[PDB]
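# Chains, contacts and geometry: an overview
These are the residues of each chain, in order.
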Amino acid sequence: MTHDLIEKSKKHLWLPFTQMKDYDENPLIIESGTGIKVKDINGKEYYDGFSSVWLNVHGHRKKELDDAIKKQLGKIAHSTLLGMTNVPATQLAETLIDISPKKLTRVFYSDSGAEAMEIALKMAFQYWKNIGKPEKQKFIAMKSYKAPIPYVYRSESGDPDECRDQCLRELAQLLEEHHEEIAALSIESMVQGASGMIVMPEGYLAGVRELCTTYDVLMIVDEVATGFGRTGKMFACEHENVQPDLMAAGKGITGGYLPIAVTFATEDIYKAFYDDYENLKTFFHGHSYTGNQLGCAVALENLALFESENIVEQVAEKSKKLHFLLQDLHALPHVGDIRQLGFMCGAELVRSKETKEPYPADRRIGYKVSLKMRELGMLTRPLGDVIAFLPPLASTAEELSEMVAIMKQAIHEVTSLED
Amino acid sequence: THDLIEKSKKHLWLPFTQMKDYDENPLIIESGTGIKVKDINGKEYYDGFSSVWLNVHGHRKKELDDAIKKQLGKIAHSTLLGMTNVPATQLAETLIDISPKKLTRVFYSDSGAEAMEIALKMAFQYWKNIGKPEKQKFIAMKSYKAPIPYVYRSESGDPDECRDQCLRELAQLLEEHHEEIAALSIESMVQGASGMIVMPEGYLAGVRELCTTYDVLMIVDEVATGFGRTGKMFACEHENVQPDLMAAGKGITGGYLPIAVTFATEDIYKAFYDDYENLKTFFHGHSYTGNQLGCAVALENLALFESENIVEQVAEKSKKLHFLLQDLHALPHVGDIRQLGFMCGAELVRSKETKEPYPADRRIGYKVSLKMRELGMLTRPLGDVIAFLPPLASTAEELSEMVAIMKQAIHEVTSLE
């Protein structure tokens, strides 16, 4: 029965990033998917409006991807990368090196995007110790030490450039007086995802790259949310032509089918761990399913679809009519901000335009909208009161428009009643 | 092909491996069948370490292949953030059925390492949520440090004495520090990467008793020992111990895909269950959590455990495995053999009366591993401990074939110091 599936789900599960009480009152259990839609156990279909949490590229039950996994099963599902390697992980690594910024020449596999970033930090940490400067041991976290990222929406000036230069100036001052103790800087690539789909103003990222080079601090670029076509580029750091020292990737790498993550490094960083085992230069980390054949085999096929379906350039083109559709959401009294880079978008809801006072958090306004969209046939995740919109890269222009329409209807319906 | 070899040296950066070593002796696997793998040159190897302690039924197991192809016909991945899917829901029920009584909750992640980190987050935040933020430190077993028994390197060589000594050091530590301690983290029955050291009879149960007495959460690591490896489904069954938190992975999927789990009691779960405003949510998790493809193969893996009574015959085959390993003990540089089920280790030593280790210098474990490779067998040394963790599907004849190769290899490298 379907009512006992539901019952067993709230008895045995503990779900990530969710208040289980919320899950218990509004369960949803997915059974299948095809194209850009998923279907629950009652047969109700939804638009994957968030690409299963921004990792689904070509939709579900993408035949080429289905076949690439079946093909790989005919050989071997998993052999280890500890001390040795396998065919698909080696082949993928070459293809990954080709499509990434030019100075990134090394691929270290891991199991999640979060582990890839932790790996980037250990690499940066050990890097300085290995080249004889163990005083460089602190990190700059871009919101250790904290530096501000520009958020133009709520921001005294409301100016992309003033916000850019003012934040850069704060970074610049932090380096000036701490840099000799700092190993690295970690920053999302063009878009702050979880912090509300906040797009960086032009010149900002190229500007922190520049400061990092000047202060001998490694720059870690997190591309887990933005990588593989999401922003209309293969990697988002191309928007500003920045070369990372370290780059984390995952999610869409497999077209969204399986867990694979990568930390890219430069050759200069790589060679600081290359030496006789005796002189202790080895980077002692890495997991047990790292470079899983099944995940690498579906990734290879994923990147073959990018190149044979000009996916990145389709995203960039489709993003043009998407712009106008999203900008029309401003017609609603409780929108307030619309942010977009490629298929990476957010609509920040407010109780009042130009005070921009948010709703009190206890009004659950992002969550109520997510729930309304859900009854309307569309899945997405609210980040606070920002409605995220990250549809599959393979999303049609008509599918794009159907999704924005459901989103607009949901925002209006919840929000018309709040105040 | 031939080209692959240099490509791998140019593009990869491998985990826990000095790349200069890899370049000098590259190994690139192309396929597998049963408990053997084959490299790009056609050479076959016994998978003597189960692809690092995760491969259960061998490679290209029909039922596991079929379970993934079937799940592909439905959906590969949909999220567990705020919602769920059928395979992850079904699997959770099954994992609850086969895990210790007191564990009722399944939290998914991507790796066994992540499962353990989640367990610590659960413990740290549990105490905060119920108004004991002072309980924020941890005991890690070898933050605070207490000793695990290493009977071979002990001055009594007596299990009970080593056990009781290490328990009273834990006691002493808890007595003065308990009010600041959130949790204690320990491997279940066997210290894996530390060199395959089997815990003495009564020790784990003893640590469970002290955690309960001093109100500290017991986090149990079953990532390496889990799923029949030690001749029980979970090694903690050996001493009937009930964890508060338990990390698992590896063999969960028969070794096919990355799925990991953190088990929890309902008491711990409830401290995060509240109306959203009360700020009690466990805000952690990730992307491919409860992946359908991984959960699908895991469900089938577990069905095979049942229909093939994997556990009852790991325990059976271990009996004769004991004798094969004890004969290995006859080599002048095998100082110790440790075994619990299919989890074994041969600690190498410059000489036995002295138990004196080779200088790490000489790379004895490493050159034994390379020798074994030449001989058609893969394993990973832990320092100068040669690990032997063969697939649970290994036959009695395959075990002895693998032991004979290990023996030859230790003999040739070692007699040669």
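Parameters at a glance
- Residues numbered from 1 in each chain as written, not as in the entry; some residues may be left out.
- Chains lettered and ligands numbered in written order.
- Heavy atoms only, no water.
- Helix = DSSP H or I, 4+ residues; strand = E, 2+ residues; numbered from the N terminus.
- Buried < 20%, exposed > 50% of the residue type's maximum accessible area, 1.4 Å probe, protein only.
- Areas by Shrake-Rupley, 256 points an atom, 1.4 Å probe, with all protein chains shown as cover.
- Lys, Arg positive; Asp, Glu negative; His and termini not counted.
- Charge placed at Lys NZ, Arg CZ, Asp CG, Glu CD.
- Pairing = 2+ DSSP bridges.
- Contact = heavy atoms within 4.5 Å.
- Axes fitted to C-alpha atoms, helices over the stretch in contact; angles between N-to-C directions.
- Expected span 1.5 Å × (residues − 1).
- Arc of directions from axis to C-beta.
- Core = buried A, V, L, I, M, F, W, Y, C linked by side-chain atoms within 4.5 Å.
- Domains from an automatic or database assignment.
- Buried area = accessible area lost by both parts, 1.4 Å probe.
- Salt bridge = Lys/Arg side-chain N within 4 Å of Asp/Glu carboxyl O.
- Nonpolar A, V, L, I, M, F, W, Y, C, P; charged D, E, K, R; others polar.

If you check the header, you'll see the entry was determined by X-ray crystallography and the resolution is listed as 2.17 Å.

## Observations concerning the overall build of chain A
For chain A, the helix and strand inventory stands at 13 helices and 17 strands. With the principal axes as the frame, chain A shows a C-alpha extent of 65 × 60 × 45 Å. Across the 419 residues of chain A, 61% fall into the buried class. Surface accessibility of chain A: about 15,500 Å² in total, with carbon and sulfur atoms responsible for 49%.

## Some thoughts on the overall build of chain B
Within chain B, the secondary structure is distributed over 13 helices and 18 strands. Put simply, chain B has 417 residues, and 62% of those count as buried. Here chain B has roughly 15,500 Å² of accessible surface; of this, 48% comes from carbon and sulfur atoms. Charged side chains of chain B number 46 positive and 60 negative; the gap between the two group centres comes to 4 Å.

## Thoughts on the sheet that holds strand β14 (residues 334-340) of chain B
Each strand in a sheet pairs with another by means of backbone hydrogen bonds, the pair being arranged parallel or else antiparallel. All names here are of chain B. The 4 strands lie next to each other as β14-β15-β18-β17, forming an open sheet whose pairing is antiparallel. Among the strands making up the open sheet, the edge pair consists of β14 and β17 (381-382). The pairing of β17 with strand β18 (residues 385-388) spans 2 bridges and is antiparallel. Note that in β18 the partner of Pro-381 across the bridge is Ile-386. This element, helix α11 (residues 310-328), spans β14, β15 (343-348) and β18 of the sheet and lies at about 170 degrees to β14. Packing against the sheet, helix α13 (residues 396-414) makes contact with β14, β15 and β18, and its axis sits at approximately 165 degrees to β18.

## Topic: helix α7 (residues 159-177) of chain B
All names here are of chain B. If you check α7, its first and last C-alpha atoms are 27 Å apart, about what 19 residues at 1.5 Å a residue would give, namely 27 Å. Buried within α7 are the following residues: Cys-162, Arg-163, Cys-166, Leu-167, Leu-170, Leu-173, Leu-174 and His-177. Taken around the axis of α7, the buried residues stretch over an arc of 125 degrees, which confines them to a single face. Residues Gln-172 and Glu-176 are exposed on α7 and point more than 90 degrees away from its buried face. Where α7 is buried, its residues contact β6 (137-141), β7 (144-146), β8 (181-187) and α8 (203-213).

## Some remarks on the nonpolar core
Residues B:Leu95 and B:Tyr108 are the most contacted members of the largest nonpolar core, which totals 135 residues. Beyond its immediate stretch of four places on either side in the chain, B:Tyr108 contacts A:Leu13, B:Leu80, B:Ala88, B:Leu91, B:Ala92, B:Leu95, B:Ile259, B:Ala260, B:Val261, B:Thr289, B:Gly290 and B:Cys295. Judged by nonpolar contacts, the second largest core, of 134 residues, contains A:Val107, A:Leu171, A:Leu211 and A:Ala265.

## So, the environment of B:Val349
Residue and element names in this part refer to chain B. Inspection of the secondary structure puts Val-349 in the loop between β15 and α12 (364-374). The class for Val-349 is buried, based on a relative accessible area of 0%. For the pair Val-349 and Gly-335, spaced 14 residues apart in sequence, the C-alpha to C-alpha distance is 5.4 Å. Leave out the neighbours within four places in its chain, and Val-349 touches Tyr-152, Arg-153, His-333, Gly-335, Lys-355, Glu-356, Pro-357 and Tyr-358.

## So, the domain arrangement of chain B
Residues and elements named next belong to chain B. You can read the domains of chain B as domain 1 (1-60 + 309-417) and domain 2 (61-308). On a C-alpha basis, the centres of domain 1 and domain 2 stand 27 Å from each other. Domain 1 puts 36 residues into the contact, and the matching count from domain 2 is 36 residues. Of all residues in domain 1, the largest losses of buried area upon contact with domain 2 belong to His-57, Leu-340 and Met-343, amounting jointly to 24% of the total for that side. The interface formed by domain 1 and domain 2 holds 1 salt bridge in total. Two residues, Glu-347 and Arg-153, come together in a salt bridge whose shortest N-O distance is 3.1 Å. Counting only elements with at least two residues in the side of domain 1 that touches domain 2, the list comes to α3 (50-53), α11, β14, β15 and β18. In terms of residue class, the side of domain 1 that touches domain 2 is made up of 20 nonpolar, 11 polar and 5 charged.

## Focus: the interface of chain B and chain A
Taken together, the contact between chain B and chain A spans 94 residues of the former and 96 residues of the latter. At the boundary of chain B with chain A, total buried surface from both sides reaches about 8,500 Å², with 65% on carbon and sulfur atoms. The largest share of the area that chain B buries against chain A comes from B:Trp13, B:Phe16 and B:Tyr288, three residues that together contribute 11% of it. Along the contact surface separating chain B from chain A lie 3 salt bridges. B:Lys7 is the salt-bridge partner of A:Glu94, the closest N and O atoms lying 3.8 Å from each other.

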